[PDB]
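> Below is the structure I would like to discuss, written out as structure tokens.
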Amino acid sequence: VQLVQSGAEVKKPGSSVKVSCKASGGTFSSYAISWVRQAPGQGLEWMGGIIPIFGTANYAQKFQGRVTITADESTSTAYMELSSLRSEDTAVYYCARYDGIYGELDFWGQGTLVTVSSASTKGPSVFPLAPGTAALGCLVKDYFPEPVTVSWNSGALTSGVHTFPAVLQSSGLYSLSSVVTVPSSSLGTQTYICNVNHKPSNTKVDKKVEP
Amino acid sequence: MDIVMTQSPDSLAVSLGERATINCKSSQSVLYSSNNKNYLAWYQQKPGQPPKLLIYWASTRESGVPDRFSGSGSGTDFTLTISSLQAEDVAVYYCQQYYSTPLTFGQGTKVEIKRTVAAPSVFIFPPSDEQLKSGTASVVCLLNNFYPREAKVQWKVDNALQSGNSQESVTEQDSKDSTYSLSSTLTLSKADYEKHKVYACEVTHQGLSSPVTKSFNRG
Numbered sequence: 002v003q004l005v006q007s008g009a010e011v012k013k014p015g016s017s018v019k020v021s022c023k024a025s026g027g028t029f030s031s032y033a034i035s036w037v038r039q040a041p042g043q044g045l046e047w048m049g050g051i052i053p054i055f056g057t058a059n060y061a062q063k064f065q066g067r068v069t070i071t072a073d074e075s076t077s078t079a080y081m082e083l084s085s086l087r088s089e090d091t092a093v094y095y096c097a098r099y100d101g102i103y104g105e106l107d108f109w110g111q112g113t114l115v116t117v118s119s120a121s122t123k124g125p126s127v128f129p130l131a132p140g141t142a143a144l145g146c147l148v149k150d151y152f153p154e155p156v157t158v159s160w161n162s163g164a165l166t167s168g169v170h171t172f173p174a175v176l177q178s179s180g181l182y183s184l185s186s187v188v189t190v191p192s193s194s195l196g197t198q199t200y201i202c203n204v205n206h207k208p209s210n211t212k213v214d215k216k217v218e219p
Numbered sequence: 000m001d002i003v004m005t006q007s008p009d010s011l012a013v014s015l016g017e018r019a020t021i022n023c024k025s026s027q028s029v030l031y032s033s034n035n036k037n038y039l040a041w042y043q044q045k046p047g048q049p050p051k052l053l054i055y056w057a058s059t060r061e062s063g064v065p066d067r068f069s070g071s072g073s074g075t076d077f078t079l080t081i082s083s084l085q086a087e088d089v090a091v092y093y094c095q096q097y098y099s100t101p102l103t104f105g106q107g108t109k110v111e112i113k114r115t116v117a118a119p120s121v122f123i124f125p126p127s128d129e130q131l132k133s134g135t136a137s138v139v140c141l142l143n144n145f146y147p148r149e150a151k152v153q154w155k156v157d158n159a160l161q162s163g164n165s166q167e168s169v170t171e172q173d174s175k176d177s178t179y180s181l182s183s184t185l186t187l188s189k190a191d192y193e194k195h196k197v198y199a200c201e202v203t204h205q206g207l208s209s210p211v212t213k214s215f216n217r218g
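Just so you know, the protein sequences line up as chains H and L, in that order.
Numbered according to the authors' numbering, the first sequence spans residues 2 to 132, 140 to 219.
Residue 201 in the authors' numbering sits at position 202 of the second sequence, with consecutive numbering throughout.
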């Protein structure tokens, strides 16, 4: 069982967002799907849930009039739509599986960051941070909205990696660094490549970091 | 008549291998008469990740969850115990009731490790030639794997103390060695960058005997 959600995106205030949640295996069977949101630095808040076999959806009072939860059994996909978006709706939106008669949430989607802003989408520029221990990294600069993801050597390099929280610059654009410490003796033999993804702009960059 | 979930404490920090205790109180009983089960779950959440189910029915361990995690309680009073806190256990923990809709969560309890002081290793990075094409220069200073979180970075350009032109962020606690890392960026126009020679990052941390300076000369 795996729940795969649609990508992060910016939405203008007053607009509506639709987030999808695709269940692998080929069905959500007799089970149900909840939507749960998490504002930056905040706790978890249940938005509502749908039980496809009963054809019913329940919403939290706070979202009644703005939220719509639907599910297409034939494509094993659930949807959450949220209208009249405001700044306070900026959050990671999660789908999660439960059993209608119980309600613990055993499988979760990866989350979808929806940013409510008037600012336009912008892809990042990726710059090297050039190097018995050496540090190297990539600076991922001038993008909007969040998030970017970073791996090293296609996920083969994980030890000693630190990818930092982004900062919002005075320009209104984000900037993030990702670093790794390695043996200095590895600099002549191994290639260090940061793999940077920014879904909102469909940007993928592999940047080699040379000594 | 929404069921309110209240956790205590909001934050805890104990040494590696010490017991960690997180309490959760529900505003109404979540014990169902007809099956004598408590409709209560516990979750672990790490940064960048969704919550992960640890415990359901108040005391049943989810498959794959280590024995050091145990849920207890009935009615309105519940507790998640980590018998011997491991480095990888640092996270935010949430309780949840599913006795009735709306499903509701506790506010979360942050769990961290207390460990010995560790001084950062410090690295400075000049702006790349490719970035300079843009007319902007970012100079980066890295403080790698220090404890505790408290640290100070001071930027100097030709020995002149910088103010208002830097930003920093800090990682969550490391899941292996329980340290923190910090990245600071100094932003200048290319013009300003090209006018000066010595770029220095001065780091103060209680693990160091005195402030450590890493520097480079442009060109």
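Just so you know, even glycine gets a beta-carbon here, dropped at the ideal spot from N, CA and C.
Measure from the alpha carbon of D157 of chain L to the alpha carbon of each residue in L:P46, L:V197, L:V110, L:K51, then state which is nearest.
Looking at the Cα atoms, L:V197 is the closest of the given residues.
> Using the beta-carbon count (16 or more within 10 Å), is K13 of chain H buried or exposed?
Classification for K13 of chain H: exposed.
> Just confirm the distance between the C-beta atoms of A92 of chain H and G110 of chain H, as a whole number of angstroms; I'd bet it's less than 8 Å.
Their Cβ separation, rounded to whole angstroms, is 14 Å, which puts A92 of chain H and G110 of chain H out of contact at 8 Å.
> Taking the beta carbon of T186 of chain L as the centre, do at least 16 other beta carbons fall within 10 Å, making it buried, or is it exposed?
With 16 or more other Cβ atoms within 10 Å, it is buried.
> On the three-state DSSP scale, how would you describe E154 of chain H?
It is coil, neither helix nor strand.
> Can you tell which of H:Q43, H:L83, H:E74, H:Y103 has the C-alpha that lies nearest to the C-alpha of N34 of chain L?
Nearest of H:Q43, H:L83, H:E74, H:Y103 to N34 of chain L, Cα basis: H:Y103.
> Taking only the alpha-carbon atoms, compute the straight-line gap between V152 of chain L and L79 of chain L and give it to the nearest angstrom.
Computed Cα separation, rounded: 38 Å.
> Measuring CA to CA, which of H:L86, H:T57, H:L195, H:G112 is closest to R67 of chain H?
Comparing Cα positions, the closest option is H:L86.
> Could you please give me the residues that DSSP links to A86 of chain L through a beta bridge?
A86 of chain L pairs with nothing; no bridge assigned.
> For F215 of chain L, does the three-state DSSP call read helix, strand or coil?
Three-state result, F215 of chain L: strand.
> Name the residue from H:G56, H:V115, H:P125 whose alpha carbon lies nearest to the alpha carbon of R38 of chain H.
Checking every option, the nearest Cα to that of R38 of chain H belongs to H:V115.
> Am I right that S162 of chain H and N203 of chain H are in contact with their C-beta atoms under 8 Å? What's the rounded C-beta distance?
Indeed, because the Cβ distance is near 6 Å, the residues count as touching under 8 Å.
> Quick check: what's the CA-CA separation for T115 of chain L versus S180 of chain L?
Rounded to the nearest angstrom, the two C-alpha atoms are 15 Å apart.
> Would you give the residue range spanned by the beta strand (DSSP E) that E193 of chain L belongs to?
Not the beta strand (DSSP E): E193 of chain L falls in the alpha helix (DSSP H), residues 189 to 194.
> Note down, in chain order, all residues in the segment 15 to 36 of chain L with a beta-carbon under 8 Å from any beta-carbon belonging to chain H.
Within the segment 15 to 36 of chain L, no residue has a Cβ that lies closer than 8 Å to any Cβ of chain H.
> Helix or strand or just coil, what does DSSP make of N158 of chain L?
Note: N158 of chain L maps to coil in three-state DSSP.
> Would you say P126 of chain L and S137 of chain L are within 8 Å of each other, going by their C-beta atoms?
Result yes, Cβ atoms of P126 of chain L and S137 of chain L sit closer than 8 Å.
> Which residues in the same chain as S77 of chain H place their Cβ atom closer than 7 Å to its Cβ, once the five residues preceding and following it in sequence are excluded?
Same-chain partners within the cutoff: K23, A24, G27, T28, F29.
> If you draw a straight line from the alpha carbon of residue 219 of chain L to that of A90 of chain L, how long is it in whole angstroms?
Residue 219 of chain L is absent from the structure shown; chain L starts at 0 and stops at 218.
> Quick one: list the residues of chain H neighbouring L11 of chain L, beta-carbon separation under 9 Å, in chain order.
In chain order: nothing, as chain H lies at least about 16 Å away.
> What does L86 of chain H touch in chain L if you count any residue whose Cβ is under 9 Å from its own?
Correct list: empty, because the minimum Cβ distance to chain L is about 21 Å.
> Do you know how far the Cα of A117 of chain L is from the Cα of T69 of chain H?
Each residue's Cα considered, the two are about 50 Å apart.
> Given a threshold of 16 other Cβ atoms within 10 Å of its Cβ, counted over all protein chains shown, does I54 of chain H qualify as buried or as exposed?
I54 of chain H comes out exposed.
> Along the beta strand (DSSP E) that carries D76 of chain L, what are the first and last residues, could you check?
From DSSP, the beta strand (DSSP E) with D76 of chain L extends over 76 to 81.
> My output table needs one value for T76 of chain H: the three-state DSSP class, helix, strand or coil.
In this structure, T76 of chain H counts as helix in the three-state DSSP scheme.
> If you follow the alpha helix (DSSP H) that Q130 of chain L is part of, which residue opens it and which one closes it?
That run of the alpha helix (DSSP H) goes 128 to 131.
> From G180 of chain H to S194 of chain H, what distance separates their C-alpha atoms?
Each residue's Cα considered, the two are about 38 Å apart.
> Cα separation between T211 of chain H and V217 of chain H?
In a straight line, the C-alpha of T211 of chain H is about 19 Å away from that of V217 of chain H.
> Could you check if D191 of chain L is buried or exposed, using at least 16 other CB atoms within 10 Å of its CB as the buried criterion?
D191 of chain L is exposed by the Cβ-count criterion.
> Measuring CB to CB, does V169 of chain L end up less than 8 Å from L147 of chain H?
No, these two residues do not count as a Cβ contact at 8 Å.
> Going by DSSP in three states, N161 of chain H sits in which element: helix, strand or coil?
Helix at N161 of chain H.
> Check the Cβ-Cβ distances between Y103 of chain H and every residue of chain L, and say whether any is below 8 Å.
Yes, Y103 of chain H counts as interfacial toward chain L.
> Figure out for me which residue from H:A40, H:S185, H:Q43, H:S16 has the closest Cα to the Cα of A143 of chain H.
Closest option to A143 of chain H, Cα to Cα, is H:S185.
> Does DSSP put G70 of chain L in a helix, a strand or coil?
Note: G70 of chain L maps to strand in three-state DSSP.
> Taking Cβ-Cβ distances below 7 Å as the criterion, which residues of the segment 132 to 143 of chain L are in contact with chain H?
Residues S137, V139, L141, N143.
> Going along chain L, which residues have a C-beta under 7 Å from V175 of chain H?
Within 7 Å Cβ-Cβ: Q166, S168.
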